[PDB]
Every structure is written in C-alpha cells, then in structure tokens.
$ cat start08.pdb   # PDB, C-alpha atoms (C1' of nucleotides)
ATOM      1  CA  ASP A  13      99.894 -14.566 -74.223
ATOM      2  CA  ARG A  14     100.470 -17.142 -76.978
ATOM      3  CA  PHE A  15     102.556 -19.458 -74.789
ATOM      4  CA  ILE A  16     102.171 -23.203 -74.182
ATOM      5  CA  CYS A  17     100.883 -24.306 -70.774
ATOM      6  CA  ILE A  18     102.633 -26.859 -68.577
ATOM      7  CA  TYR A  19     101.250 -28.502 -65.450
ATOM      8  CA  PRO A  20     103.477 -30.454 -63.015
ATOM      9  CA  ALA A  21     101.013 -33.323 -63.313
ATOM     10  CA  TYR A  22     102.450 -33.825 -66.799
ATOM     11  CA  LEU A  23     105.729 -35.008 -65.291
ATOM     12  CA  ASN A  24     104.647 -36.740 -62.104
ATOM     13  CA  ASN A  25     105.619 -40.415 -62.064
ATOM     14  CA  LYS A  26     103.041 -41.209 -59.350
ATOM     15  CA  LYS A  27     100.167 -40.309 -61.678
ATOM     16  CA  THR A  28      98.519 -42.250 -64.475
ATOM     17  CA  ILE A  29      98.119 -41.023 -68.023
ATOM     18  CA  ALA A  30      94.458 -40.598 -67.101
ATOM     19  CA  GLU A  31      95.534 -38.479 -64.132
ATOM     20  CA  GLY A  32      97.350 -36.077 -66.441
ATOM     21  CA  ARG A  33     100.889 -37.328 -67.102
ATOM     22  CA  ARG A  34     102.222 -36.593 -70.616
ATOM     23  CA  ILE A  35     105.518 -38.500 -70.652
ATOM     24  CA  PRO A  36     106.573 -42.164 -70.167
ATOM     25  CA  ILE A  37     107.079 -43.140 -66.511
ATOM     26  CA  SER A  38     110.680 -44.162 -67.209
ATOM     27  CA  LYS A  39     111.537 -40.571 -68.081
ATOM     28  CA  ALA A  40     109.154 -38.990 -65.546
ATOM     29  CA  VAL A  41     109.895 -37.885 -61.987
ATOM     30  CA  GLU A  42     108.389 -37.887 -58.496
ATOM     31  CA  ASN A  43     106.289 -34.934 -57.357
ATOM     32  CA  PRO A  44     107.675 -32.233 -59.626
ATOM     33  CA  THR A  45     106.728 -28.735 -58.512
ATOM     34  CA  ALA A  46     105.855 -25.805 -60.765
ATOM     35  CA  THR A  47     108.710 -24.047 -59.010
ATOM     36  CA  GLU A  48     111.151 -26.871 -59.835
ATOM     37  CA  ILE A  49     109.826 -26.835 -63.373
ATOM     38  CA  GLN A  50     110.238 -23.075 -63.840
ATOM     39  CA  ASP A  51     113.726 -23.208 -62.376
ATOM     40  CA  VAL A  52     115.108 -25.932 -64.635
ATOM     41  CA  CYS A  53     113.512 -24.399 -67.730
ATOM     42  CA  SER A  54     114.635 -20.862 -67.041
ATOM     43  CA  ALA A  55     118.134 -22.054 -66.152
ATOM     44  CA  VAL A  56     118.590 -23.428 -69.648
ATOM     45  CA  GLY A  57     117.698 -19.999 -71.007
ATOM     46  CA  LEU A  58     114.038 -20.514 -71.766
ATOM     47  CA  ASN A  59     111.639 -17.671 -71.311
ATOM     48  CA  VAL A  60     109.326 -18.946 -68.596
ATOM     49  CA  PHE A  61     106.883 -17.363 -66.176
ATOM     50  CA  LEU A  62     105.262 -19.030 -63.203
ATOM     51  CA  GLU A  63     101.582 -18.935 -62.283
ATOM     52  CA  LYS A  64     101.676 -19.879 -58.574
ATOM     53  CA  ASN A  65      97.893 -19.986 -58.286
ATOM     54  CA  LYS A  66      96.674 -22.017 -61.233
ATOM     55  CA  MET A  67      95.537 -25.559 -60.412
ATOM     56  CA  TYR A  68      95.331 -28.527 -62.720
ATOM     57  CA  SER A  69      91.715 -29.335 -63.547
ATOM     58  CA  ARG A  70      92.451 -33.035 -63.027
ATOM     59  CA  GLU A  71      94.334 -32.215 -59.858
ATOM     60  CA  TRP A  72      92.376 -32.964 -56.727
ATOM     61  CA  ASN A  73      94.907 -32.413 -53.911
ATOM     62  CA  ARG A  74      94.064 -28.954 -52.534
ATOM     63  CA  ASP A  75      97.400 -28.514 -50.746
ATOM     64  CA  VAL A  76     100.143 -26.225 -52.079
ATOM     65  CA  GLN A  77     102.745 -28.800 -53.188
ATOM     66  CA  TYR A  78     100.588 -29.726 -56.200
ATOM     67  CA  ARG A  79      99.246 -26.295 -57.195
ATOM     68  CA  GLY A  80     100.881 -24.288 -59.942
ATOM     69  CA  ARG A  81     101.218 -23.964 -63.694
ATOM     70  CA  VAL A  82     104.286 -23.061 -65.751
ATOM     71  CA  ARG A  83     103.826 -21.126 -68.972
ATOM     72  CA  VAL A  84     106.639 -21.353 -71.509
ATOM     73  CA  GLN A  85     107.379 -19.428 -74.704
ATOM     74  CA  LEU A  86     108.472 -21.348 -77.798
ATOM     75  CA  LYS A  87     108.043 -18.525 -80.279
ATOM     76  CA  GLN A  88     109.188 -14.929 -80.834
ATOM     77  CA  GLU A  89     105.791 -14.171 -82.456
ATOM     78  CA  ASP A  90     107.237 -14.068 -85.947
ATOM     79  CA  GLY A  91     106.471 -17.789 -85.861
ATOM     80  CA  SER A  92     110.094 -18.840 -85.430
ATOM     81  CA  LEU A  93     111.272 -21.079 -82.625
ATOM     82  CA  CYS A  94     112.804 -19.124 -79.764
ATOM     83  CA  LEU A  95     115.236 -21.993 -79.602
ATOM     84  CA  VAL A  96     115.856 -24.776 -82.078
ATOM     85  CA  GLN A  97     116.395 -27.224 -79.213
ATOM     86  CA  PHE A  98     112.766 -26.820 -78.167
ATOM     87  CA  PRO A  99     110.317 -27.160 -81.086
ATOM     88  CA  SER A 100     107.589 -29.012 -79.143
ATOM     89  CA  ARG A 101     105.857 -29.134 -75.767
ATOM     90  CA  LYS A 102     107.015 -32.715 -75.452
ATOM     91  CA  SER A 103     110.616 -31.619 -76.022
ATOM     92  CA  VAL A 104     110.216 -29.188 -73.174
ATOM     93  CA  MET A 105     108.660 -31.655 -70.724
ATOM     94  CA  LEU A 106     111.194 -34.416 -71.342
ATOM     95  CA  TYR A 107     114.004 -31.979 -70.652
ATOM     96  CA  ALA A 108     112.523 -30.550 -67.453
ATOM     97  CA  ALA A 109     112.061 -34.142 -66.382
ATOM     98  CA  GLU A 110     115.711 -34.788 -67.201
ATOM     99  CA  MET A 111     116.912 -31.717 -65.279
ATOM    100  CA  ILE A 112     114.775 -31.382 -62.125
ATOM    101  CA  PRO A 113     116.542 -34.336 -60.389
ATOM    102  CA  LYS A 114     119.996 -32.696 -60.379
ATOM    103  CA  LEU A 115     118.684 -30.013 -58.025
ATOM    104  CA  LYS A 116     117.846 -31.568 -54.651
ATOM    105  CA  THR A 117     119.607 -34.898 -55.102
TER     106      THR A 117
ATOM    107  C1'   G B   1      81.021 -58.805 -79.822
ATOM    108  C1'   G B   2      81.116 -55.871 -75.355
ATOM    109  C1'   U B   3      83.010 -53.101 -70.654
ATOM    110  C1'   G B   4      86.425 -51.114 -67.431
ATOM    111  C1'   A B   5      91.468 -50.217 -66.597
ATOM    112  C1'   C B   6      96.646 -49.581 -67.642
ATOM    113  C1'   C B   7     100.907 -49.141 -70.504
ATOM    114  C1'   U B   8     103.542 -46.962 -75.176
ATOM    115  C1'   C B   9     103.511 -44.146 -79.678
ATOM    116  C1'   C B  10     102.133 -40.396 -83.165
ATOM    117  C1'   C B  11      98.789 -35.567 -84.435
ATOM    118  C1'   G B  12      96.155 -30.609 -83.292
ATOM    119  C1'   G B  13      95.724 -26.833 -79.133
ATOM    120  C1'   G B  14      96.583 -20.602 -75.151
ATOM    121  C1'   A B  15      93.987 -23.819 -71.302
ATOM    122  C1'   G B  16      89.972 -27.548 -69.865
ATOM    123  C1'   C B  17      91.023 -30.417 -74.152
ATOM    124  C1'   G B  18      90.654 -32.593 -79.403
ATOM    125  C1'   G B  19      92.334 -36.587 -83.440
ATOM    126  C1'   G B  20      94.673 -41.265 -84.198
ATOM    127  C1'   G B  21      98.483 -46.300 -84.009
ATOM    128  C1'   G B  22      99.856 -50.127 -80.923
ATOM    129  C1'   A B  23     100.566 -53.196 -75.880
ATOM    130  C1'   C B  24      98.658 -55.326 -71.783
ATOM    131  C1'   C B  25      95.125 -56.667 -67.886
ATOM    132  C1'   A B  26      90.307 -57.473 -65.800
ATOM    133  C1'   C B  27      85.398 -58.634 -66.530
ATOM    134  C1'   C B  28      80.836 -59.460 -69.614
ATOM    135  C1'   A B  29      77.485 -61.356 -73.286
ATOM    136  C1'   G B  30      76.348 -65.203 -75.566
ATOM    137  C1'   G B  31      78.285 -69.266 -80.493
ATOM    138  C1'   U B  32      81.089 -73.878 -80.749
ATOM    139  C1'   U B  33      83.498 -77.354 -76.981
ATOM    140  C1'   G B  34      86.813 -80.565 -73.542
ATOM    141  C1'   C B  35      93.059 -85.197 -71.382
ATOM    142  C1'   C B  36      86.683 -81.448 -67.067
ATOM    143  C1'   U B  37      83.985 -83.149 -62.591
ATOM    144  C1'   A B  38      81.579 -86.642 -56.806
ATOM    145  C1'   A B  39      78.818 -81.931 -59.187
ATOM    146  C1'   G B  40      80.349 -78.015 -61.409
ATOM    147  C1'   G B  41      74.013 -73.848 -63.797
ATOM    148  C1'   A B  42      76.842 -69.682 -68.595
ATOM    149  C1'   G B  43      70.637 -68.854 -62.413
ATOM    150  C1'   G B  44      68.314 -65.065 -58.557
ATOM    151  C1'   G B  45      69.686 -61.415 -55.212
ATOM    152  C1'   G B  46      72.313 -57.848 -52.179
ATOM    153  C1'   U B  47      76.610 -54.379 -50.757
ATOM    154  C1'   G B  48      79.565 -51.461 -54.143
ATOM    155  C1'   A B  49      80.945 -47.774 -48.454
ATOM    156  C1'   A B  50      85.180 -43.996 -44.855
ATOM    157  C1'   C B  51      88.210 -43.591 -51.782
ATOM    158  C1'   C B  52      89.348 -47.926 -54.500
ATOM    159  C1'   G B  53      83.783 -50.459 -59.824
ATOM    160  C1'   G B  54      81.231 -48.439 -63.884
ATOM    161  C1'   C B  55      77.716 -44.932 -65.314
ATOM    162  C1'   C B  56      74.162 -40.103 -64.846
ATOM    163  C1'   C B  57      75.973 -36.330 -62.005
ATOM    164  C1'   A B  58      72.372 -30.801 -58.795
ATOM    165  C1'   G B  59      75.903 -27.902 -55.738
ATOM    166  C1'   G B  60      80.496 -26.724 -55.311
ATOM    167  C1'   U B  61      85.280 -26.839 -57.898
ATOM    168  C1'   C B  62      89.375 -26.589 -61.225
ATOM    169  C1'   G B  63      90.517 -24.708 -66.769
ATOM    170  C1'   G B  64      88.347 -20.920 -69.518
ATOM    171  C1'   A B  65      87.238 -14.020 -71.942
ATOM    172  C1'   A B  66      83.162 -17.228 -72.772
ATOM    173  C1'   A B  67      81.106 -21.575 -75.227
ATOM    174  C1'   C B  68      82.160 -25.349 -72.907
ATOM    175  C1'   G B  69      85.039 -28.827 -70.437
ATOM    176  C1'   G B  70      87.800 -31.487 -66.620
ATOM    177  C1'   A B  71      87.834 -33.907 -61.944
ATOM    178  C1'   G B  72      84.059 -35.359 -59.298
ATOM    179  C1'   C B  73      80.467 -34.636 -53.976
ATOM    180  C1'   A B  74      75.161 -35.092 -52.239
ATOM    181  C1'   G B  75      71.375 -38.030 -54.944
ATOM    182  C1'   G B  76      70.188 -41.589 -58.696
ATOM    183  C1'   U B  77      71.846 -45.964 -61.124
ATOM    184  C1'   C B  78      74.281 -51.332 -62.868
ATOM    185  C1'   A B  79      75.512 -57.728 -68.459
ATOM    186  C1'   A B  80      80.506 -56.350 -66.911
ATOM    187  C1'   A B  81      86.491 -54.281 -60.062
ATOM    188  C1'   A B  82      86.095 -56.717 -55.879
ATOM    189  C1'   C B  83      82.763 -58.716 -51.969
ATOM    190  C1'   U B  84      78.498 -61.529 -50.616
ATOM    191  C1'   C B  85      73.597 -64.098 -49.810
ATOM    192  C1'   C B  86      69.772 -67.313 -52.226
ATOM    193  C1'   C B  87      68.466 -71.487 -55.872
ATOM    194  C1'   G B  88      70.309 -75.535 -58.186
ATOM    195  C1'   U B  89      73.963 -79.368 -57.992
ATOM    196  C1'   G B  90      77.618 -82.948 -55.070
ATOM    197  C1'   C B  91      79.493 -85.120 -50.767
ATOM    198  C1'   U B  92      78.095 -84.954 -45.581
ATOM    199  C1'   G B  93      76.835 -84.918 -40.159
ATOM    200  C1'   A B  94      71.634 -85.232 -38.180
ATOM    201  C1'   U B  95      66.029 -85.291 -37.009
ATOM    202  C1'   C B  96      61.344 -87.375 -36.455
ATOM    203  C1'   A B  97      56.842 -92.326 -36.034
ATOM    204  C1'   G B  98      58.707 -96.007 -32.936
ATOM    205  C1'   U B  99      56.072 -95.879 -39.951
ATOM    206  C1'   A B 100      55.899 -99.478 -42.654
ATOM    207  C1'   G B 101      57.717-104.430 -45.324
ATOM    208  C1'   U B 102      58.239-108.553 -43.044
ATOM    209  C1'   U B 103      60.207-111.465 -39.374
TER     210        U B 103
END
$ encode --input "start08.pdb" --output "structure tokens"
Amino acid sequence: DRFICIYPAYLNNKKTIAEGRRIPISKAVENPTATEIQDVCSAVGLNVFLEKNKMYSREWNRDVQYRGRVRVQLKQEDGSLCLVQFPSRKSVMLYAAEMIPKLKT
RNA sequence: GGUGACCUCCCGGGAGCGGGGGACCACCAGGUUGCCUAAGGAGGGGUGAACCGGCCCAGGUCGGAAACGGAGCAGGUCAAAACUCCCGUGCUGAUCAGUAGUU
C-alpha cells in the first residue's frame, strides 16, 4: 500500500504542466494509456498493478481512453530500492515515456 | 509594482497535493519620456458566451480512510485574454435660414 501513484496525464504531450504533465514535452508522448504504462513498466521487471477505474482529479474527459492510474513499487519495505535503476518517480515516468512508443509504432 | 498564462529545473508526498530556482509571453497600474502624430486621452461603458479571460464557486465530480483538495457547472463577479460601443481628438462627406456682413 506504500507505492507511488502514476497517472497517464503525467506523460501526455498534449497536456500542459497545469493540466498534470510531470515531464518535459520533448521526452513526453501522445495519449499514453494506463494500460500502456503498466505494460512497459512491468515488462522491464517492475512490480506494477493497474487501477482501471481511478481517474485523474485534473482529468475532465469522462471517456475510457483517459481513465486509469498505475501504482508502482519502488521499495521492498525495508526501505531499499526494489531496483537501483529506479530511485525516483521521475526516473520511472521518463522511462515509461521512453518505452511506450516501441509498442504500437 | 501588479495580473494571467506557458515553458524548464530542483525538493517533499500513498493520492488530491506541498516547497523552491530559472525562461518566456500577454495584459495592467501608474513614475519619467520621445527620430511620435493631421490627432493620438494613460477616459466611460458593454459582452466575456456553445469552452477558450480572470476570480468566488452551491450542486455534482474526481483524489482521499478522512481532514481536505483538485478540476470546475448553475449563479455571482472584473485595473488586467480577446471582442466591442460611447466620450474626447483628427481628417471628412453633408444639412438647414435663404442668416447675416456687405455689395
């Protein structure tokens, strides 16, 4: 239950910083989905679980392609980093951003 | 000096979110002014909706165990998106009396 949250808004290049986004547009992507996010995180060997029915507070678009939240574990609950490659939320996001595009395209 | 946006960094957080460094843009107030006008007030208003302003936001809604918060509707509201009318100012058609002043 002590896992960092991650909304797809954080990575969406068609959203302003005030609309949620957490990473520079240059590194961001178009319309990332919680599904896409979970898949690229898990596939690197991260412990991730997907909450299909959480919405972003700042998200306004009531249709399914923008719903969703991805929870990720960084820590084994002895305080140590599950992985050394992923110390921070930002380190997660930037990676997901880097990996999502190799899927569909 | 102010407002609103937008971009890019840190920092704290399980969320909504919290702390802080830069960059840029728009507008505002009112303090000096000009290689400035034919004349250019630092006026007065109104719209600000079907989503585009900003603010306050019932409900609802998203996040939350909750506190509370986000986004924001109906309604209210504006020194400060944008739009627009009026006043002033400048040129510029025109009207009336057959009015004069003087023939």
$ atom_distance --input "start08.pdb" --atom1 "atom CA of residue 14 of chain A" --atom2 "atom CA of residue 99 of chain A"
14.6 Å
$ resolve_selection --input "start08.pdb" --expression "the PyMOL selection byres ((chain B) within 10 of (chain A))" --output "list in words"
residues 6, 7, 8, 13, 14, 15, 16, 61, 62, 63, 69, 70, 71 and 72 of chain B
$ atom_distance --input "start08.pdb" --atom1 "atom CA of residue 96 of chain A" --atom2 "atom CA of residue 25 of chain A"
27.4 Å
$ atom_distance --input "start08.pdb" --atom1 "atom CA of residue 89 of chain A" --atom2 "atom CA of residue 64 of chain A"
24.9 Å
$ resolve_selection --input "start08.pdb" --expression "the PyMOL selection byres ((chain A and resi 44) around 12)" --output "compact mmCIF listing (two decimals) with C-alpha atoms, in the frame of the given file"
# COMPACT_ATOMS: atom_id res chain seq x y z
CA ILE A 18 102.63 -26.86 -68.58
CA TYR A 19 101.25 -28.50 -65.45
CA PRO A 20 103.48 -30.45 -63.02
CA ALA A 21 101.01 -33.32 -63.31
CA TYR A 22 102.45 -33.83 -66.80
CA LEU A 23 105.73 -35.01 -65.29
CA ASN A 24 104.65 -36.74 -62.10
CA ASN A 25 105.62 -40.42 -62.06
CA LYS A 26 103.04 -41.21 -59.35
CA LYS A 27 100.17 -40.31 -61.68
CA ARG A 33 100.89 -37.33 -67.10
CA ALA A 40 109.15 -38.99 -65.55
CA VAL A 41 109.90 -37.88 -61.99
CA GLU A 42 108.39 -37.89 -58.50
CA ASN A 43 106.29 -34.93 -57.36
CA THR A 45 106.73 -28.74 -58.51
CA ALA A 46 105.86 -25.80 -60.76
CA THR A 47 108.71 -24.05 -59.01
CA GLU A 48 111.15 -26.87 -59.84
CA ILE A 49 109.83 -26.84 -63.37
CA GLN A 50 110.24 -23.08 -63.84
CA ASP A 51 113.73 -23.21 -62.38
CA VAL A 52 115.11 -25.93 -64.64
CA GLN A 77 102.74 -28.80 -53.19
CA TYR A 78 100.59 -29.73 -56.20
CA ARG A 79 99.25 -26.30 -57.20
CA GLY A 80 100.88 -24.29 -59.94
CA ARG A 81 101.22 -23.96 -63.69
CA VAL A 82 104.29 -23.06 -65.75
CA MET A 105 108.66 -31.66 -70.72
CA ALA A 108 112.52 -30.55 -67.45
CA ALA A 109 112.06 -34.14 -66.38
CA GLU A 110 115.71 -34.79 -67.20
CA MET A 111 116.91 -31.72 -65.28
CA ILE A 112 114.78 -31.38 -62.12
CA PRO A 113 116.54 -34.34 -60.39
CA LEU A 115 118.68 -30.01 -58.02
CA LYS A 116 117.85 -31.57 -54.65
$ resolve_selection --input "start08.pdb" --expression "the PyMOL selection byres ((chain B and resi 90) around 10)" --output "PyMOL selection string"
chain B and resi 37-40+89+91-92
$ closest_residue --input "start08.pdb" --among "B:12, B:46, B:54, B:21" --to "residue 85 of chain B" --atoms "all atoms listed in the file"
B:46
$ closest_residue --input "start08.pdb" --among "B:17, B:88, B:3, B:73" --to "residue 55 of chain B" --atoms "only C-alpha atoms (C1' of nucleotides)"
B:3
$ closest_residue --input "start08.pdb" --among "A:97, A:73, A:88, A:117" --to "residue 59 of chain A" --atoms "only C-alpha atoms"
A:88
$ closest_residue --input "start08.pdb" --among "B:10, B:51, B:79, B:5" --to "residue 24 of chain B" --atoms "all atoms listed in the file"
B:5
